[PDB]
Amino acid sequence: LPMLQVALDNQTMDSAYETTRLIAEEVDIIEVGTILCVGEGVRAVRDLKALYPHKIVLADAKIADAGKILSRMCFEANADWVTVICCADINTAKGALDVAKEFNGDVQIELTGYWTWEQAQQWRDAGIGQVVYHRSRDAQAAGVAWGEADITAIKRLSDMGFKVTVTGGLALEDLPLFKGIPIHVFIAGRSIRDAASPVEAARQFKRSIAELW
């Protein structure tokens, strides 16, 4: 079954805890959003993994270069997974992956923004097994909605051998759009953190996922 991941796009740890204290046990993966990474630094990863050691902790650093250096910083902070931005030089993804293996962790290519299928093949040849199909928050704000082109691309990435994570302002009602595809993880940030009842929002996602898959 696709796992449920909560994106913590908070600017401070105390703000993030307002959410984790409610739904940490309701999700499978706790993500240190890029916003939290920039707001508090890598201490966010160390602090959250210490609080929820039984959960997968993802450092959404969107590494663009210095793959080995930035990845090591995140893994020394006890991250399980780290993200590398899609436009990064292939050697950046390779460097981050080499370090990830040292800590029994993994690397995800964050598909936020522009990337090519040739790049996608390089990631596979490099040993990358995860990608995050992400409808940009800014694109979303500009009126870009989920469409068949997205479903087609997601299926293509899956066929390439990638475990695909889907995210980008997902609402409960959006889940059916991806039915039939072996989605690895569904990430919900705003739809969970800002819901009237974060606990219910999280349980609803898991209920729908269990039903559809």
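One-based numbering along the sequence shown. The term rigid core refers to the maximal set of C-alpha atoms that superpose within 1.5 Å between the two forms.
The segment moving more, judged by mean Cα distance from this form in 4 other deposited structures of this protein after a core overlay, is 112 to 120 among 86 to 94 and 112 to 120. In this crystal structure, the stretch out of 165 to 173 and 144 to 152 whose C-alpha atoms carry the higher mean B factor is 144 to 152. Looking at 184 to 192 and 44 to 52 together, the entry lists the larger mean B-factor for 184 to 192, computed on C-alpha atoms. Across the options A126, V107, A88, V132, the residue with the most elevated CA B-factor in the record is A126.
The residue among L111, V82, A77, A139 whose C-alpha carries the highest B-factor in the deposited model is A139. For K101, the recorded CA B-factor ranks within the highest third of the chain. Only modelled residues enter the ranking. The entry lists a Cα temperature factor for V57 that places it in the lowest third of the chain's modelled residues. Per-chain ranking of the deposited C-alpha B factor places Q204 in the highest third. Per the PDB record, residue ranking by Cα B-factor puts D14 in the lowest third of the chain. Split the chain's modelled residues into thirds by C-alpha temperature factor. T92 is in the middle one.
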